[PDB]
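Novice: Supplied in structure tokens, the structure appears directly below.
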Amino acid sequence: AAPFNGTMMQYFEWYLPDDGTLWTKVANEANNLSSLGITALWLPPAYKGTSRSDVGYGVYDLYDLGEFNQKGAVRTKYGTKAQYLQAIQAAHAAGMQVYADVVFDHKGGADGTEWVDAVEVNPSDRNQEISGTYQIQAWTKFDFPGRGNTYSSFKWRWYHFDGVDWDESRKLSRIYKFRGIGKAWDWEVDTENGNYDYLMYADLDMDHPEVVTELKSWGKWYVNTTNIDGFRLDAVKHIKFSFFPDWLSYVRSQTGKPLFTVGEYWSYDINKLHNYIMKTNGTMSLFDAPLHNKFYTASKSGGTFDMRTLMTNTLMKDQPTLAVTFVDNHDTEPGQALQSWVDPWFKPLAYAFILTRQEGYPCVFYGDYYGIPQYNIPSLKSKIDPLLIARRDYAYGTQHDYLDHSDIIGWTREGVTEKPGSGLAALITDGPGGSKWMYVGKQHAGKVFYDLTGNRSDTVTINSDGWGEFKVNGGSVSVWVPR
Ligand SMILES: [Ca+2]
Ligand SMILES: [Ca+2]
Ligand SMILES: [Ca+2]
Ligand code: NA
């Protein structure tokens, strides 16, 4: 048939104002985004957090999609339940898929405390206990006073969690592990800090049968209510590895939907990512964090970065079909947790790289597209749109790589017969400009190519052999496509 590349978009950024307008914006922008070739949207957590202003990762109630009066308000930072459903309707009507953010690591905003026997563990080695057992007052009682028993009568208590990091009685910060039959940090998880199961708030015990059943019930309920098309999994390295293949297979079989899933395993070590994929049987894709670090490193190297090494040890290279590529996200933003913002000059080159190459499933960042007023970061829509059109109409077929110079690197796509007019030749450089002969295909012999980005006004004519001498300006990008 006539193919169309897949392109995802993270539709949110950290510093959005708490005005309950995001769901409305999704409904309003759906067709515009759709026409550019965006095929799926990753939406932020839609359920009630610790307060109305919570970005969503301080999850309080998974069944409150901005519908009940809990935590100071009815709506979430993004809007109400009815608005969320309308957003999903608009996206589907425009032909796009919707991925929902899933936060299963912890739970915060407890309604009350409970006295629990606990032991302190070494922050740098959670496997080592550093105190005797003693009673603490932990925030583990979840009753959901605003919701009651609507949708689910499940009440959370201390035994559904593995530990917390605050004793309300003595007002102390310690990593507390709960005592009890079968109580222990989950495994397997990331080994940093000995065992990185515990992260923040009340840590979920993935070994507790009732917790597993409850999350499986929520999954089915969520999909059957919203009709979402996939998931974005939060903090997977802090969650028992074997839990997800189990949860996913259940939800997929019960709903009958394929449910594409991408998990966030934050690590620049490609080995840990390989291990995770192996341990989960390729049941989900992962964000290519290592590639983000590459982009970031190159942007700060003032041209000295060796472009020939750009793909080395990245998921895009090792597991192209399970890699979700990106330039920046809500965590890499200035002032954030994993801040490592790619400099503006390099940003368009990075987008050309992930949007026109065949490896990976690219994700465009809301912050980059619409700008981030918080830090006077402008909208790059003018630079990104031409690249979106490139992916939509031209980036198809056999690829030829030219990662053979410390500055200027390129690649071509021959195009496909089922997509007339397709074919492309891209060049990017982190230093001075120049030219490079590249093979686009004998089938394009005699055709004239032009720079879709608009950066260059000259044209390139393909010789009888299918080769062209493409050009690029210094510290820039040029995407050549047939007239
Ligand atoms: Ca446990
Ligand atoms: Ca955990
Ligand atoms: Ca260089
Ligand atoms: Na746990």
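Heads up, chain A uses Swiss-Prot numbers, so what you see runs 35-517.
Cβ coordinates are placed from backbone N, Cα and C, and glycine is handled just like the others.
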Novice: Swiss-Prot has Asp220, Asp231, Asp237, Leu238 binding Na(+). Which one of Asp196, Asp199, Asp201 is in the same site?
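Specialist: Of the residues offered, the record points to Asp196.
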Novice: In Swiss-Prot, the residues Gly337, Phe339, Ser440, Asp441 are said to bind Ca(2+) 3. Which of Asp362, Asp419, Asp464 is said to bind at that same site?
Specialist: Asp464
Novice: Out of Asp220, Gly337, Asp464, which of these binding-site residues is nearest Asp237 (Ca(2+) 1 binding site) by C-alpha distance?
Specialist: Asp220
Novice: Going by DSSP, is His272 (Ca(2+) 1 binding site) part of a helix, a strand, or coil?
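Specialist: In the DSSP reduction, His272 (Ca(2+) 1 binding site) maps to helix.
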Novice: Counting only other Cβ atoms and using a 10 Å cut-off, which of the binding-site residues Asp220, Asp231 scores lowest?
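Specialist: Per-residue Cβ counts within 10 Å for the binding-site residues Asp220, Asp231 bottom out at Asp220.
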Novice: Cβ under 6 Å from ligand 1: which of the recorded positions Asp237, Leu238, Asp239, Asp268, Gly337 qualify?
Specialist: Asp239
Novice: Do any of the recorded positions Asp139, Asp237, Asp268, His272 touch ligand 2, in the sense that the CB is under 6 Å from one of its atoms?
Specialist: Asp139, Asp237, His272
Novice: For the recorded positions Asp196, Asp231, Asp239, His272, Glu298, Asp365, which sit with their CB under 6 angstroms from an atom of ligand 3?
Specialist: none
Novice: Should we count any of the binding-site residues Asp139, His272, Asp441, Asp464 as near ligand 4, judged by a CB under 6 A from one of its atoms, and which?
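Specialist: Among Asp139, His272, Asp441, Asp464, near ligand 4: none.
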Novice: List the same-chain residues at least 6 positions away in sequence whose Cβ sits under 8 Å from the Cβ of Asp239 (Ca(2+) 2 binding site), in sequence order, or say none.
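Specialist: Counting only residues 6 or more apart in sequence, the Cβ neighbours of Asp239 (Ca(2+) 2 binding site) under 8 Å are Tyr193, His194, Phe195, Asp196, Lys217, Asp220, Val245.
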